[PDB]
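Visitor: Following this: a sequence and the matching experimental structure.
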Amino acid sequence: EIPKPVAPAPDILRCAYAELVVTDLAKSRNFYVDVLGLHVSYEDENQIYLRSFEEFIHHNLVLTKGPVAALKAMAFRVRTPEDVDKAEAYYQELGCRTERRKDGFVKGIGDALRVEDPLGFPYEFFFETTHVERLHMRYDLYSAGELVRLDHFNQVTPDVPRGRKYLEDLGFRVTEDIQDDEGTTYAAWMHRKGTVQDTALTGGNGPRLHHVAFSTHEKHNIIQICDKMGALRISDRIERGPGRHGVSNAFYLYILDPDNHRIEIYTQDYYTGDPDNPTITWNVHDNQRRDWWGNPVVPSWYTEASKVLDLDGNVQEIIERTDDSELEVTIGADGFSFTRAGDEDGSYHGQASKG
Amino acid sequence: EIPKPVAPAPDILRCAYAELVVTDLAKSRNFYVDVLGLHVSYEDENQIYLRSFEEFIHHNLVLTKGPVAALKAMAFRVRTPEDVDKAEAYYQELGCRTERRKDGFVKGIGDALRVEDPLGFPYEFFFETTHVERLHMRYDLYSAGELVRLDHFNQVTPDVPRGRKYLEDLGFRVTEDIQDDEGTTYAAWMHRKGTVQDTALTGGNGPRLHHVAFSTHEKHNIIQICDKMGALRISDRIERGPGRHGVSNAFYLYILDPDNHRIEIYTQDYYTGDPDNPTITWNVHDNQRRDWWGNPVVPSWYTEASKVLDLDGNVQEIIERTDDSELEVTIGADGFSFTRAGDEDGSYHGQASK
Amino acid sequence: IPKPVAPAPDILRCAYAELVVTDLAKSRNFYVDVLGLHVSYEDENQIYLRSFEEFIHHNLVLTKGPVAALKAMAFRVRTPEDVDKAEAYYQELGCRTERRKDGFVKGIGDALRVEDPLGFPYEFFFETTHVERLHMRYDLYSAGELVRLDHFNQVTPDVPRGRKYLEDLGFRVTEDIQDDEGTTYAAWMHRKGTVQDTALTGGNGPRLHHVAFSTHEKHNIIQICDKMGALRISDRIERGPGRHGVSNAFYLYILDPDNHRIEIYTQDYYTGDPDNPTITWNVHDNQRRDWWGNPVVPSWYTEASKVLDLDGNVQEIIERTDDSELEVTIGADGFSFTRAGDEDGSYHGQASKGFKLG
Amino acid sequence: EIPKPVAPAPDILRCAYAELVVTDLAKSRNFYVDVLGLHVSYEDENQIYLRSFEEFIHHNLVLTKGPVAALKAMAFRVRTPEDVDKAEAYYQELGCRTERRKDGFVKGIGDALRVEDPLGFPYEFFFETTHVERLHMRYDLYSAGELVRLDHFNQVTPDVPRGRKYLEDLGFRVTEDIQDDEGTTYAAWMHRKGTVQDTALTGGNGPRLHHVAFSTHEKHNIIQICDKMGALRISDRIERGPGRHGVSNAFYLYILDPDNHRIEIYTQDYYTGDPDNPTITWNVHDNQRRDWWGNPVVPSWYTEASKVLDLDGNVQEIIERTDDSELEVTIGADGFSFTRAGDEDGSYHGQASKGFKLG
Ligand SMILES: O=[N+]([O-])c1ccc(O)c(O)c1
Ligand SMILES: [Ca+2]
Ligand SMILES: [Cl-]
Ligand SMILES: [Cl-]
Ligand SMILES: [Cl-]
Ligand SMILES: [Fe+2]
Ligand SMILES: [Fe+2]
Ligand SMILES: [Fe+2]
Ligand SMILES: [Fe+2]
């Protein structure tokens, strides 16, 4: 168990940006700018800084050329400059490795703290950031598939309860989770900004980054991303969806970038900002929990995820999950799922839904 | 081959309605009225007559209680009363069994001809029908999943070229098809009304009815049907989709009624009314041909379809396809498909996609 | 206008308009950069444009000239022989015709242009150069994509006279607007099984009221408005967006650099059955044009494009003598209602929603 | 100027519900339930309690039968029980009348404080509320026009800077405003929950309630409300819209209930939760500021609004605005608006846009 520090937690506003290491900056640019339409805040020969349509902070995504594709930092903005001090004291008490840079790690961010957190993830906390033109009314630029906000991160970690307690102490509130009747937790979702999630934990071998998620305005915008990928004859990079989630209630899609970093497109979850927001727990065998329409979850969604780096830029060692596997208990040879609890009709034994 | 009659073909306007035999009328009512929101044109203890939001003819669907669920008739509206006579002469010349009822087979249809067509399907041709309130501006009745038009039928038949030529002789024009390099035809789509299809042929054991399709206004209306089915905890009756079709370019969904009759929801195909409308042929191994996004086609979509009846109400015997199977050549053990022709990356062998 | 003995040509649909424009570059910016139409051909004299789902060569030809005007509204006919039928039909009507075996504009073959009995330059053709049908080119699809040509709309002074002539030509009336004293203000009529291929608006004419393009969805029309706001050209949004009464379509009217009016349109209904029910609206029904009762801007009733004769000269305007829709609905002596017979929700001497004429 | 109390401000979460007095409860029920599709939490012969599709607190709207239609309370939820005490101390320090009911003023609310605020508005602060079934996945109930959340209130008040400062001290941050070049503020928008607004100030004679706003998921849901009102032949109850706002960037519609209470339908504004969120100031003469497409703002939008009650249930006296009128300076006889700053072309002098004048 990760202890609760005496030191006060920093006041975290929201997920703000991810730094992803990519192997071929031009191929990555083509995906994120030409295919997906993200907006360039800054670029050079080593990095591309990208933002969503409604963003005013400098960026939501930094693509950094490197030898090994991986998550380098998942950054959360805090409420005040003093909250970066609070973050530093909090993680030091946790016994975590930290590094503070008054002029930032990436362009457009000022005083920033990176940490190797108790789950092995590279978290950044910052307040100071360079404001840019907020493009929210630039309908002359708006794409039929426009990505309008950064919504969340999702982390693969082997022990979900352990991670959950730590994030709650940090001020994240759990909104939804997946458990079974034998005391196992498979996943949890947790927030600061008053949507379903700013980050989320998926049970599995980790630390690995499961995905970064961007929002659209409407469901047809997600449909258009699929249609465009069909026209570009890259439909093989559509991993899963489009669908309606059970957990979160959002319309969604998962696609794969050139380094197999997974990107979710997401819209129309609900408000969670009240402190007694009702927590929703799904059973792992409920075939409407991940896709509300019962569409099967492809095995790659459970097994594949991105490496993460430590503060020296080296890949974190992966620790094996020993708790039961969501893949195995739902779609593996001895798995089970149901449509209606207690009804044999519409249940699946040893296979995925829909044939 | 089915020879072309010397008798002139009836002038067919469009698909108009289907009569489905159902085993439990109340359960079927629940599905078509309460889940799907179709509008009641007439009902009693034996039948429910239903129409879409924009329809002015009496109905687009008749649910008839009976012992064995099946298609009883797929009905096309013809241009004039005289076209019913032309239909009778045409099918008589083909040597088909016909039945003419001057006052109709179902309520709200007048003079009507039913035939056991050369592919074993029960076709009806009629002109006269009772007009009803056209609900196209009744937004006080509009559902979040509103079904707005009847769009098409899809028939399973063993020899697609044979059926295609017969339908061409009847004035249907092929818009799209699926073939391979060996010259096998797996499916064809063909129209009268100036959309992609009024009926369609799927290669397989037949005669069987693959589906009846209704359209929505927008893609979100199809999404809502899925969402509603999840809320009703009947997501197991979502068979395939939602998706974008390759063939037709329509946004689509397939669902299953209480007797396993398959219903497609469909929107936003394209205009085909010019007589030189370009015909599109897809390769059977193209994994974007059926679902443009490359999502796999579940085997039940290829293998399962509804029985059809003869004019006595008995189930039509089935003839097994001898041409190659689309299922087998794409997703079966010796099948394959591609994302990009000639590229092993994104190809699938002995396996479906994704 | 008498019904010829000669058979009418079999008309499939509206197919394209040729508009004369004064500044080709400014017109290009509007139709290509703002509206996203697709270039089939262009040079210093003309720009040929098509919608997303079209396979014929073009739906719009922009021709540089001194005086902005409609030069031709073109209908495609079913067979080559129907061009001969059109020629014989209009000759019997006593109309001026011109036949060009190799077309008037690029990508059209054998074509007949006529100065029709209402003074409009109609073209009939079958032969056209097929192009890449872009209907699945989602790599090109814009948030405001125009997917088809839907219809034309013509200003003419005597609507019944025009209606009868178009009925003889094979168009079928779907909807109209009349009053209780027997005046007709507008009529809509079709060949292709939608609400309209052309339409008549009562007023001084011949003038071209608009050309209409379709979108897939209502949000595509909303995006056009949003984009025009972002470009700071919201003053070129004339009217809308709205829901029509007549046609039931979602709509918008915008103005090109020469004030040619373009409608964007979606989700009208099927009309292909021969006994398709006609719908007649009362002129005082404030839901007939905008279903939500939003006021119809006066320019919509007064402004429209000049049309040319076959020499390229502007057609003389003939004044409407029947009552004016503007005057009887939104002028100082006008009225409209929300519910027939109800004073609540009625408007007298002004438009709906609190406005009078500017 | 309203002074900043020494006492700490309550921590306000969000707007939570309004109580509207209505004259004919059945007619009001038909509007809010049958026309608009709000979900009944409770009703009797005197009150109807309604919530939106995604709500889990007891209600977002209470309709209370009474002799004079008016706003009775605009209610904000606070973060903790202790924040109700803080609200009481805060308003007392401001010299405002307060009333505390341990078991609530309306059903499904617990310990609650109502106040006559410094602008004459009846505010409620509460934490405790009865949870109900959250209908957010009840797609079997979902309407083509479904109202999914309560979004905001909008208040008419004569002195916008005076109100703005008071609300800022209370912790609301201004996200957008409308000013001119002569020092006049015509309107301001301010939030707690991280959308553009939880409440808003519109310059005018007040206190009056301008509107209550509900959100939809998508723009087509707003269009459906319009379409349905046409089918019901109540298009005369569509006041303004649908449109795209400049301020807020939301797609919108304004409609009028049976007592002329104005309801906004709203979707797809942007995130404001960062504390340095950029404040956007529009010039009052910019004809894209209220409707981005330049559609004219109907004069009733500027002149009509609902009465508000004091804690005794009597109507609050109206105080006249002396600052310049947005109506007058934009669409009135000496008004002006532009499409492009400094361009005569597309400007409007002494009339509205798109060919209209004031009736
Ligand atoms: O591509 N296919 O799977 C198709 C295309 C159109 C259809 O109507 C259909 O039922 C199947
Ligand atoms: Ca000034
Ligand atoms: Cl999921
Ligand atoms: Cl109109
Ligand atoms: Cl506004
Ligand atoms: Fe996610
Ligand atoms: Fe189909
Ligand atoms: Fe039109
Ligand atoms: Fe508002």
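Guide: Received the coordinates, thanks. Numbers count the residues shown, from 1 in each chain, chains lettered A, B, ... in the order given. Ligands and ions are numbered 1, 2, ... in the order given.
Visitor: and residue A:301, helix, strand or coil?
Guide: Of the three states, residue A:301 takes helix under DSSP: H, G, I helix; E, B strand; the rest coil.
Visitor: For the closest residue to it other than its chain neighbours, identify the helix or strand it belongs to.
Guide: Of all residues not flanking residue A:301 in the chain, residue A:240 sits nearest, at 5.3 Å (Cβ to Cβ, 6 or more residues apart in numbering or on different chains). Placement of C-beta: from N, CA and C, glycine included. In this structure, residue A:240 sits in strand A:238-244 according to DSSP states H and E.
Visitor: Next, the angle helix B:219-231 makes with that strand.
Guide: Interaxial angle of strand A:238-244 relative to helix B:219-231 (axes from the mean of the first three to the mean of the last three Cα atoms, to 10 degrees): 80 degrees.
Visitor: Now chain A against ligand 1: closest residue?
Guide: Across chain A, the shortest distance to ligand 1 (Cβ to the nearest ligand atom) belongs to residue A:230, at 12.2 Å.
Visitor: follow-up on the earlier one: which helices and strands does the strand holding residue A:240 pack with?
Guide: The contact analysis (3 or more Cβ pairs under 8 Å, 6 or more residues apart in numbering or on different chains; DSSP states H and E) places strand A:238-244 against helix A:219-231, strand A:251-256, helix A:299-303, helix B:219-231.
Visitor: Return the residues in contact with the residue in the stretch 151-300 of chain A positioned nearest to ligand 8.
Guide: Nearest residue of the stretch 151-300 of chain A to ligand 8 (Cβ to the ion) works out as residue A:220 at 24.6 Å. For residue A:220, the contact set (Cβ atoms under 8 Å, 6 or more residues apart in numbering or on different chains) comprises B:218-220, C:217, C:219.
Visitor: how about a cut-off of 10 Å?
Guide: By Cβ atoms under 10 Å, 6 or more residues apart in numbering or on different chains, the contact list for residue A:220 reads A:144-145, A:227, A:251, A:267, B:218-220, B:223, B:251, C:143, C:216-217, C:219-220, D:218, D:220.
Visitor: again, but for residue A:342
Guide: Shown in contact with residue A:342 (Cβ under 10 Å, 6+ apart): no residues.
Visitor: What of residue A:281?
Guide: By Cβ under 10 Å, 6+ apart, the contact set of residue A:281 is A:174, A:176-179, A:185, A:188, A:247, A:289.
Visitor: Among the residues you listed, which one has the most neighbours?
Guide: residue A:188 (28 neighbours; other Cβ atoms under 10 Å in any protein chain shown).
Visitor: Can you name the residues that contact the residue positioned nearest the centre of chain A?
Guide: With distances taken as Cα atoms, centre = their mean, residue A:153 lies nearest the centre of chain A, 1.8 Å away. Going by Cβ under 10 Å, 6+ apart, residue A:153 touches A:15, A:17-18, A:71, A:74-76, A:121, A:123, A:197-200, A:209-213, A:264.
Visitor: Same question for residue A:148.
Guide: Neighbour list for residue A:148: A:52-55, A:135-136, A:142, A:214-218, A:221, A:267, D:268, D:270-271 [criterion: Cβ under 10 Å, 6+ apart].
Visitor: do that again at 6 Å, thanks
Guide: If a contact means Cβ atoms under 6 Å, 6 or more residues apart in numbering or on different chains, then residue A:148 has A:52-54, A:215-217 as its contacts.
Visitor: can you list the domain ranges for chain A.
Guide: As assigned by curated CATH domains, chain A contains the domains A:10-148, A:149-287, A:288-355.
Visitor: Quickly list what residue A:71 is bridged to.
Guide: Beta-bridge pairing for residue A:71 (DSSP bridges): residue A:20, residue A:308.
Visitor: Any idea how many residues pack against it?
Guide: Residue neighbour count, defined by other Cβ under 10 Å, stands at 26 for residue A:71.
Visitor: Please apply the same query to residue A:30.
Guide: 14.
Visitor: same question, residue A:323
Guide: 15.
Visitor: And for residue A:211?
Guide: Count around residue A:211 with other Cβ under 10 Å applied: 25.
Visitor: now do the one 3 residues further on
Guide: The number of residues packed near residue A:214 is 23, by other Cβ under 10 Å.
Visitor: Now it. Nearest residue, chain neighbours left out?
Guide: What sits nearest to residue A:214 in space, not counting adjacent residues and going by Cβ to Cβ, 6+ apart, is residue A:147, at 4.2 Å.
Visitor: try residue A:237
Guide: Going by Cβ to Cβ, 6+ apart, residue A:237 has residue A:256 as its nearest residue, at 4.9 Å.
Visitor: same check, this time on residue A:339
Guide: Computed as Cβ to Cβ, 6+ apart, the closest residue to residue A:339 that is not its neighbour in sequence is residue A:346, at 3.2 Å.
Visitor: Flag every residue of the stretch 1-150 of chain A that's near ligand 7.
Guide: The stretch 1-150 of chain A has no residues near ligand 7, with proximity defined as Cβ under 5 Å from the ion.
Visitor: Tell me the bridge partners for the residue of the stretch 1-150 of chain A found nearest ligand 6.
Guide: Ranked by Cβ to the ion, the top residue of the stretch 1-150 of chain A for proximity to ligand 6 is residue A:15, at 11.2 Å. Beta-bridge partners of residue A:15, counted by DSSP bridges, are residue A:76.
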